[PDB]
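Chemist: How does the following fold in three dimensions:
(one chain, ligands or ions: 5)
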Amino acid sequence: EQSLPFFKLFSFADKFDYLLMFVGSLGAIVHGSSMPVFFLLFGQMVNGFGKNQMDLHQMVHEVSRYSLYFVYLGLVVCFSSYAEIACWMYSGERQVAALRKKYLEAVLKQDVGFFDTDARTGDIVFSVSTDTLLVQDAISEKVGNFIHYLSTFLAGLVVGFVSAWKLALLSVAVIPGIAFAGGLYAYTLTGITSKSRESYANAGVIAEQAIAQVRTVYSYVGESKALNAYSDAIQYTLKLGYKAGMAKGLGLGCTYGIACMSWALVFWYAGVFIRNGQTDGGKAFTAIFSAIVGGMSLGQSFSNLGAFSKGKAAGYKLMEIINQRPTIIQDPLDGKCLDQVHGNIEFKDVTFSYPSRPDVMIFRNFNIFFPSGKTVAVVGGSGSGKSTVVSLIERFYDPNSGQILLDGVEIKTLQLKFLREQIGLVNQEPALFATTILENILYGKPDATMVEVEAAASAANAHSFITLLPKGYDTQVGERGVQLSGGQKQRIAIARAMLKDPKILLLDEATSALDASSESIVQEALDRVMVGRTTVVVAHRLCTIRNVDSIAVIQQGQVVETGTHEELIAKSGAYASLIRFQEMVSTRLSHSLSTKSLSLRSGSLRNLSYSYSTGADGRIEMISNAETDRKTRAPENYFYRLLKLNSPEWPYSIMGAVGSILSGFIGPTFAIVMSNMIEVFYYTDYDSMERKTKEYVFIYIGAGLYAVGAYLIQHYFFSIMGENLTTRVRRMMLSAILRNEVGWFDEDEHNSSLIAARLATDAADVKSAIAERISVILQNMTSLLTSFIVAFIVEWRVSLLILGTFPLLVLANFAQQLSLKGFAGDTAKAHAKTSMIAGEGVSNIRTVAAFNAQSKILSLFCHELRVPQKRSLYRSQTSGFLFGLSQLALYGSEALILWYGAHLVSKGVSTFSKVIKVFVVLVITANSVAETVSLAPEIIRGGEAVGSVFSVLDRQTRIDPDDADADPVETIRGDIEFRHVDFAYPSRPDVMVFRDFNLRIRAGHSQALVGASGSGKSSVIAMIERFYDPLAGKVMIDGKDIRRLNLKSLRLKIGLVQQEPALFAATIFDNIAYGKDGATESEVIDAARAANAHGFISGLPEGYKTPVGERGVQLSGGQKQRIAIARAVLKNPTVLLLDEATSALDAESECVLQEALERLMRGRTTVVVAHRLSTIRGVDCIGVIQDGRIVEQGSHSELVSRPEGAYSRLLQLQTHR
Ligand SMILES: CC(C)[C@H](C)[C@@H](O)[C@H](O)[C@@H](C)[C@H]1CC[C@H]2[C@@H]3COC(=O)[C@H]4C[C@H](O)[C@H](O)C[C@]4(C)[C@H]3CC[C@]12C
Ligand SMILES: Nc1ncnc2c1ncn2[C@@H]1O[C@H](COP(=O)(O)OP(=O)(O)NP(=O)(O)O)[C@@H](O)[C@H]1O
Ligand SMILES: Nc1ncnc2c1ncn2[C@@H]1O[C@H](COP(=O)(O)OP(=O)(O)NP(=O)(O)O)[C@@H](O)[C@H]1O
Ligand SMILES: [Mg+2]
Ligand SMILES: [Mg+2]
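Modeler: Residues are numbered from 1 along each chain as shown. Ligands and ions are numbered 1, 2, ... in the order given. Right below this line is the structure:
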């Protein structure tokens, strides 16, 4: 939206950076006007090297002068490419490093309640992560290319018009006949790719509903037809991907079909102006080639504007936080400083609301008093502003109406160094900055002594635990060297509360780690520090409040009652229901940053962003997103395997590769004709310069239609091979994802949001690893070959010195194509330890506001930024000097060859138009060789990270749904008998929810599994089918082992009903027939009238046809549950399985299960679980589990005979509505 001007991005430059942009601008101009000066000397060499063919002693003079000048020109490109790289890359680094210093100063001094996670602390941390890499990439080095390739254009039209201005308009005005046809290609390329990009999203929900509902898709046998709806939704991209291979041949055929009909136009009029006597054969070499490579080089200077519009936008967000004016600031002169405080805090009608939204009201008419030297207990039951009391004494906010006084002195007339130093804060998930266990304790006071740190951790239940660590109080909590990552989080944070020695002390509900005997150890540590200090207590559970010597209770805006724990238990005033409430019983930002960073990496480069994760429990882990270089390397034999998977089309690859060698002949067909017209321009018989220039125009036309029929073959083919490979792989991947166990889908890195991308993008980059890395080899390995055969027929004494110099002429043309992207290289990885230190400074700001840590983070950030400047000083000088020397060897070795040519002509060995036919061929050849060696690591080094998708094709499953040595199933009777059987989730095996679980089910019976307050209750049905394997023992079914049978034959006769039902993106005719294939119309209609819904399904305008999955009409959960029961009643199963869990019916006036329960159990073996104790009258048995063990069994007539057992607790929960 709002954006800065491009200027004022340089507004952080000091007095030293106005000299690294004046040196660095005279460097980029003299370098820019060097290719139009190379064309001024080379058209002055040939005018002595061939007009004097009759004077062999004038040639040796005037080529020994014009080939000394290509050493003087080599020492200008030596020191003017060293001054645009080593003076811009570093001078764009002292301005961003300075930015982060002004910025971090800005964030630390802002009112502390500005950050409330409502896309706020996921926006400030992201603004220091990416926006200081978009200000850097727009002002450092791409300005040094925008100046460079501009002054080539403004000096390619001065050397052009001075020498011969009557050709400096023919050579210029033709150029829009190339770009018009060069832009028609890139126009229709989008117009067909967008037809492929849009047609895939139809298939992007079929391979999504069959993964996000993989519990249902495995439960029925519905994976064999989940490919036939993904086969018939790629075929509308294959045949649409064919004719995009046609629009690349004719887009590269109609480019050399005008290009080879454009050199004929500017070489014909050159043959006219020489005969008429206006120019000569050397000055018409300059005025053509200066205006062409000068006029074509605005396609590079207008390529930097895409990276300039990202600078003005992302720079404005950084520049508005710095000058955002806060309210609660420190006044070091307009402030007081008391002495011998008592801590008599009194709120005198203090109202307050959240400044995010003043709609709700928190402290309407709030009035409490705090004593001196006592303990109070402000306590609520829920979010009635229970943590707002500590969030107001800190001045994290201001009260919008009211006044707060300390000992008769108000705190709004005080500075924020006398107040916050005297208050200690302990709260949930306590802040441990990634340092040792000596510097975290020194945030209370930076330098007192060593022995008081030990005395602080002595009365903290820590000193025993921090001397049983094999280092001298030196243990990294951020890095996972030694982990205190047990369930008992060892509270070292209380040592900060003890060493600081505060007068006022604001504790909080610091027992929320599933408290037990382990968290009772840190409880008594808290109970011994509240001595002689004004302190409060905030509590959630009242089991730890029973020894507190004053309790004041608020309910809504105001205090209700005061006193001690003798009258609080009395009078039943909002305490007797609350103790009945006691008896009736972050890590999201790393996903939130990964969403905002997603869907924005299409325009930005991959060496620019990050990839966020939780990592350890010390910080937010920022991976530099250049992890493709050193992670997930492909299997070594992949270049043979991908050819084997793509074989049946060996006819379509031989027919293509004979259309590839013919495309490599276009190189020397240009260079051998154009090296004959620099001969013919020096004839002296002006009618012999006409009959031998009609031959040199009918070949440019004759090789201008040749390129139409030799780019059309190489690109219509090698894409039929390239689109029967991103089809056969996309159908083998889904037939290899739907064979894994279900627990692989439970992991967060394998959700149904990334695995639908690894079939979209990562399976579509095999077209560019086996079809477009052969065609850019055989095109270039037949053009290198057919030019080193023509070079050894014409003259072999010069084409041997060029072959020895050829390892240098290809390095010099290799350095001219790394400089198009800039030599900075992975600029996210060096600035990635810096941002982690700014990552702990924002998301943990509530403890930085206390302790006065606002000047210790700034000196642990300006002490670490001295590493990414002395890395950008070494790299900017070495990679600016190894570029300025690899251009000296270019111009400094084109003046050895041409000198050596003008030496042999003196001895009569070889002649003119044999030096030129060897020198001009063997420079244009080397231009194409540094396009092949540039992709040399990408072939060998694993392809790339998106071509390394073999973790789904090459991955052995655990639970195989189909075997050969497995007996099929004839008829199940139902004989579920659980033998010694324990279980845990493979995702988190730390909890061991089943402990030698045992059951027994005879055929023709039922089961009445209790909810047991959600003790893994929906997991017994998970082991009837094989969603998981038991940790030990056998699941004895039908008197047999379950893991000795063919699994696809088993699941077709055991039908279940899922916990939270959802339907597929289809009408309601598949949804009630998805559990029964082969049935057509007859018993489908009767199948609906079981959970009846029959007027609900007949009440529809479009019959039964309604989209209920997505993008149609929306139904309710009580009505969706009606549809799901119609599945199992059509399948006619043997072992029915129902489920209820955690208030998921949502059907008031419950009648959707009065019909469905008692009419369905006619001849089946059922296992029914119910979370509510209602309609729980099972008719054959019952099962009640406690912590992985059943405790009682029988009918519902011996359960009521026991006085308590375990069911008597459940009947009291009926009255807890
Ligand atoms: C003039 C040469 C003898 C000289 C030694 C050589 O250094 C020259 O500067 C080379 C690098 C350049 C100068 C002009 C360029 C050509 C001018 O640009 C063009 O029109 C294109 C058309 C098409 O892209 C061709 O494949 C290359 C071609 C035709 C360019 C290929 C490379 C050059 C031939
Ligand atoms: N930053 C915020 N902006 C707006 N509302 C908030 C914010 N933080 C908390 N709230 C809500 O406003 C109410 C104030 O209660 P609060 O002071 O947070 O005590 P609490 O800790 O939520 N109660 P409990 O968790 O039961 O001990 C709560 O219901 C909060 O959920
Ligand atoms: N896929 C899973 N991976 C790891 N743990 C899980 C998974 N699913 C559930 N749990 C944990 O298992 C515990 C108990 O729930 P679970 O074992 O799923 O059955 P349940 O939810 O008790 N059934 P119900 O009582 O009917 O709601 C919970 O604390 C969950 O966190
Ligand atoms: Mg709280
Ligand atoms: Mg459940």
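
Chemist: From here on, just use CA atoms for contacts and neighbour counts.
Modeler: OK.

Chemist: What is the burial count for whichever residue of the stretch 901-1050 of the chain sits closest to ligand 1?
Modeler: At 4.3 Å from ligand 1, residue 920 is the closest residue in the stretch 901-1050 of the chain, using CA to the nearest ligand atom. Neighbour count of residue 920, defined by other CA atoms under 10 Å: 15.

Chemist: Looks like it contacts residue 673 (just checking).
Modeler: No. Taking contacts as CA atoms under 8 Å, residue 920 lies outside contact range of residue 673: 10.5 Å.

Chemist: helix or strand for residue 494, which one?
Modeler: Taking DSSP states H and E as the definition, residue 494 sits inside helix 493-499.

Chemist: what does that helix rub up against?
Modeler: 424-426, 430-432, 440-445, 452-453, 456-457, 460, 526, 529 (CA atoms under 8 Å, 6 or more residues apart in numbering).

Chemist: tell me the domain boundaries of the protein?
Modeler: Following automatic domain parsing, one gets these domains for the chain: 589-617, 1060-1132.

Chemist: Say whether ligand 3 is contacted by the longest one.
Modeler: Looking back up the chat, that one is domain 1060-1132. No. Domain 1060-1132 is not in contact with ligand 3 by CA under 6 Å from any ligand atom; minimum separation 10.9 Å.

Chemist: gap between that domain and the chain center?
Modeler: Here domain 1060-1132 is found 39 Å from its chain centre; the criterion is CA atoms, centre = their mean, to the nearest Å.

Chemist: ok, now stretch 968-988?
Modeler: Mean-position distance between stretch 968-988 and its chain equals 40 Å (CA atoms, centre = their mean).

Chemist: Can you give me the neighbour number for the residue nearest to residue 1033 when sequence neighbours are not counted?
Modeler: The spatially closest residue to residue 1033, leaving aside those adjacent along the chain, is residue 981, at 4.8 Å (CA to CA, 6 or more residues apart in numbering). By the criterion of other CA under 10 Å, residue 981 has 18 neighbours.

Chemist: do the same with residue 907
Modeler: Residue 907, neighbours per other CA under 10 Å, totals 10.

Chemist: same question, the one 10 residues further on
Modeler: Here the count is done by other CA under 10 Å, and residue 917 has 22 residues near it.

Chemist: Would you enumerate the residues in contact with it?
Modeler: Contact analysis of residue 917 by CA under 8 Å, 6+ apart lists 672, 675-676, 791, 794.

Chemist: got it, and residue 746?
Modeler: By CA under 8 Å, 6+ apart, the residues touching residue 746 are residue 987.

Chemist: run the last query once more with 10 Å
Modeler: 752, 985-987 (CA atoms under 10 Å, 6 or more residues apart in numbering).

Chemist: Just the buried ones among those, please.
Modeler: Restricting these to buried positions leaves 752, 985, with burial counted as 16 or more other CA atoms under 10 Å.

Chemist: For the contacts of residue 746, could you give me TSV that also reports secondary structure and distance to residue 861?
Modeler: Formatted as TSV, the contacts of residue 746 follow (DSSP: H, G, I helix; E, B strand; the rest coil; distance: CA to CA, whole Å):
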residue	secondary structure	distance to residue 861
752	coil	39
985	coil	42
986	coil	41
987	coil	38
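
Chemist: Mind putting the contacts of residue 746 into a markdown table with distance to residue 104?
Modeler: Below are these laid out as a markdown table (distance: CA to CA, whole Å):
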| residue | distance to residue 104 |
| --- | --- |
| 752 | 38 |
| 985 | 44 |
| 986 | 43 |
| 987 | 39 |
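
Chemist: Show me what counts as buried in the helix holding residue 494.
Modeler: For helix 493-499, the buried set under the neighbour-count rule, 16+ other CA under 10 Å, comprises 493-499.

Chemist: Show me the strands in the stretch 951-1100 of the chain, by range?
Modeler: For the stretch 951-1100 of the chain, strands defined by DSSP state E, counting those that start in this stretch occupy the ranges 977-978, 1008-1010, 1035-1037, 1040-1041.

Chemist: Which elements pack onto the second one?
Modeler: So that's strand 1008-1010. In terms of contacts (3 or more CA pairs under 10 Å, 6 or more residues apart in numbering; DSSP states H and E), strand 1008-1010 is packed against strand 1165-1170, strand 1183-1186.

Chemist: Could you report the neighbour count for the nearest residue in space to residue 511 that is not next to it in sequence?
Modeler: Sequence neighbours aside, residue 519 is the residue nearest to residue 511 in space, at 6.9 Å (criterion: CA to CA, 6+ apart). For residue 519, the tally of surrounding residues (other CA under 10 Å) stands at 19.

Chemist: residue nearest the centroid of this structure?
Modeler: Nearest to the geometric centre of the chain sits residue 611, at 4.6 Å (CA atoms, centre = their mean).

Chemist: residues touching that residue, list them.
Modeler: With contact set as CA under 10 Å, 6+ apart, residue 611 has these partners: 590, 593-595, 597-598, 621-627.

Chemist: will you turn the residues you listed into CSV that also has secondary structure, distance to residue 334 and neighbour count?
Modeler: Converted to CSV, these look like this (DSSP: H, G, I helix; E, B strand; the rest coil; distance: CA to CA, whole Å; neighbours: other CA atoms under 10 Å):
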residue, secondary structure, distance to residue 334, neighbour count
590, helix, 42, 18
593, helix, 41, 20
594, helix, 45, 15
595, helix, 45, 13
597, helix, 44, 16
598, coil, 48, 12
621, strand, 42, 20
622, strand, 42, 21
623, strand, 46, 17
624, coil, 46, 21
625, coil, 49, 18
626, coil, 51, 18
627, coil, 53, 15
